[PDB]
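Chain residues, written in single-letter form:
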Amino acid sequence: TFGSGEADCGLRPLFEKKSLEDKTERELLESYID
Amino acid sequence: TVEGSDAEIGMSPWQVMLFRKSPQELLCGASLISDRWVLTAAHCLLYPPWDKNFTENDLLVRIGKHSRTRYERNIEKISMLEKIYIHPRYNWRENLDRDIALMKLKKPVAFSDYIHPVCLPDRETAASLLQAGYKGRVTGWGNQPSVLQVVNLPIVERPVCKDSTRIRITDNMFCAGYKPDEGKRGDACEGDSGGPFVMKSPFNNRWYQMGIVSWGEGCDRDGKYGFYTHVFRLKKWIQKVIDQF
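Residues numbered from 1 in each chain as written, not as in the entry; some residues may be left out. Chains lettered and ligands numbered in written order. Heavy atoms only, no water.

### Considering the overall build of chain B
When helices and strands are tallied, chain B shows three helices and 16 strands. Relative to its length of 245 residues, chain B is compact, with a C-alpha radius of gyration of 17 Å against a globular reference of 18 Å. Dimensions of chain B, computed from the C-alpha atoms along their principal axes, are close to 45 × 40 × 35 Å. Buried residues in chain B amount to 57% of all 245 residues. As displayed, chain B offers around 10900 Å² of accessible surface, 45% of which is attributable to carbon and sulfur atoms. Counting 35 positive and 29 negative side-chain charges, chain B places the centres of these two groups 5 Å from one another. (Helix = DSSP H or I, 4+ residues; strand = E, 2+ residues; numbered from the N terminus. Rg over C-alpha atoms; globule rule 2.2 N^0.38 Å. Buried < 20%, exposed > 50% of the residue type's maximum accessible area, 1.4 Å probe, protein only. Areas by Shrake-Rupley, 256 points an atom, 1.4 Å probe, with all protein chains shown as cover. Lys, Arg positive; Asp, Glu negative; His and termini not counted. Charge placed at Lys NZ, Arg CZ, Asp CG, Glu CD.)

### Some points on the UniProt feature "active site" in chain B
Residues and elements named next belong to chain B. Here, UniProt's "active site" annotation points to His 43, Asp 99 and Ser 193. Assignment of secondary structure puts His 43 in the loop between strand 4 (37–40) and strand 5 (46–47). Here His 43 falls in the buried class, since its relative accessible area comes to 9%. If we skip the residues at most four places from it in the chain, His 43 touches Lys 52, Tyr 90, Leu 96, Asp 99, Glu 190, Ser 193, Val 213 and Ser 214. Mapped onto the secondary structure, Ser 193 falls in the loop between strand 13 (173–176) and strand 14 (196–200). On the basis of relative accessible area, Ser 193 is assigned to the buried category, the value being 2%. If sequence neighbours within four positions are ignored, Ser 193 has contacts with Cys 28, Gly 29, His 43, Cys 44, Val 213 and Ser 214. (UniProt positions renumbered as here; feature names shortened; annotations may be inferred. Contact = heavy atoms within 4.5 Å.)

### Structural notes on helix 3 (residues 235–244) of chain B
All names here are of chain B. Turning to helix 3, its buried residues number three or more, namely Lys 235, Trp 237, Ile 238, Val 241 and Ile 242. Taken around the axis of helix 3, the buried residues stretch over an arc of 160 degrees, which confines them to a single face. Those residues of helix 3 that are exposed and aimed more than 90 degrees away from the buried face are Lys 236 and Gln 244. At its buried positions, helix 3 is contacted by strand 4, strand 9 (81–86) and strand 10 (101–105). (Arc of directions from axis to C-beta.)

### What about the sheet that holds strand 3 (residues 26–32) of chain B?
Residue and element names in this part refer to chain B. Spatial strand order, 8-7-2-3-4-10-9: seven strands in an open sheet with antiparallel pairing. Both edges of this open sheet fall to strand 8 (77–79) and strand 9, since each of them pairs with a single strand only. Sheet twist, expressed as the average angle between the axes of neighbouring strands with direction ignored, equals 30 degrees. Note: strand 3 against strand 4, two bridges, orientation antiparallel. Of the residues in strand 4, the one forming a bridge with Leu 32 is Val 38. (Pairing = 2+ DSSP bridges. Axes fitted to C-alpha atoms, helices over the stretch in contact; angles between N-to-C directions.)

### Let's talk about the interface of chain A and chain B
Reports of interface size often rely on the accessible area that becomes lost once the parts have come together. The interface of chain A with chain B comprises 26 residues on the first partner and 37 residues on the second. The junction of chain A with chain B conceals about 2700 Å² of combined surface from both sides, 58% of it contributed by carbon and sulfur atoms. Summed over the three residues of chain A that lose the most area to chain B, namely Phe 2, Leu 28 and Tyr 32 of chain A, the buried surface amounts to 26% of that side. Taking the shortest distance from any N to any O, the salt bridge between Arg 137 of chain B and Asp 22 of chain A comes out at 2.9 Å. In the side of chain A that touches chain B, the residues fall into 10 nonpolar, five polar and 11 charged. (Buried area = accessible area lost by both parts, 1.4 Å probe. Salt bridge = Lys/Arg side-chain N within 4 Å of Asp/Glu carboxyl O. Nonpolar A, V, L, I, M, F, W, Y, C, P; charged D, E, K, R; others polar.)

### What to know about the side chain of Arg 12 of chain A
Note on placement: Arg 12 of chain A falls in the segment before helix 1 (25–33). A relative accessible area of 0% means that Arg 12 of chain A is categorised as buried. A polar atom in the side chain of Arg 12 of chain A sits 3.0 Å from the side chain of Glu 25 of chain A. Setting aside its immediate chain neighbours within four residues, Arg 12 of chain A contacts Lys 17, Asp 22 and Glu 25 of chain A together with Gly 10, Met 11, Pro 13, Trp 14, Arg 137 and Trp 207 of chain B. (Polar contact = N/O pair within 3.5 Å; in protein donor to acceptor, adjacent residues only side chain to side chain.)

### Section: the nonpolar core
All names here are of chain B. Residues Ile 33, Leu 102, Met 103, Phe 197, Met 199, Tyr 228 and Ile 238 are the most contacted members of the largest nonpolar core, which totals 62 residues. For this core, the leading source of residues is strand 15 (residues 207–216), giving five residues. Lining this core are residues from two domains, each supplying at least three of them: domain 1 (1–12 + 118–232) and domain 2 (13–117 + 233–245). Not counting chain neighbours up to four residues away, the residues in contact with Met 103 comprise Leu 18, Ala 30, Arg 36, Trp 37, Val 38, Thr 40, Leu 45, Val 61, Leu 81, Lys 83 and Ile 84. Residues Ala 42, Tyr 47, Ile 169 and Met 173 belong to the second largest nonpolar core, which totals 12 residues. (Core = buried A, V, L, I, M, F, W, Y, C linked by side-chain atoms within 4.5 Å. Domains from an automatic or database assignment.)

Structure follows, in structure tokens:
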């Protein structure tokens, strides 16, 4: 089955994988807290 | 996009460019969901009134691109298409309901720093993240910059989406974008069609593809919002196509 997809899906090599934050992602996470 | 900002290198490594061969130009956005499966909008491939009926041999995909004006030596990858699957209930006659297609790559793409699949949401993730006021991110090309553009856009309440268009909005759709009084602060355009609307999970810090750009009523038109295919709602069909190959 495909299922939930790659074990690794949605974790970026140059960001999440290296604990680096992109320039605008904090705006997305802040919108969940409001 | 309009009023977007330049993507960082490797910021959207699931981004796919769907090209025509003749002329050799960008047709639509798309997204990488595995080493051999790419998601796009059905209307990018199939729209009978406009004699739009692309087949596998009409198109190619480019993957790992930051710049639309340079071949990115040792970064970008190219693939031919083995097979196109349009959603059988794709409704081009009325409202682009189920505006989704899957494309099977002739050869699987190697993952790299620049090429990596996005996650598709489960029921839990869609329930948590796909709510009015929460922002997701659209990636595309300026409608003038040469590099991939990023816009972050809030999800719009369902009644407000319906009131903003004459199109019949279904539960397989959602809309996003700033309100008119907000002013110019970024927009997804008709030109960003096919590309992903992604959201970063605060639970597992993975990126999920919640939407596909279906149509845009702003930018070059006097309307308000962008309209997206609701990927979670079509996920059984996606899994069925991939499993049954």
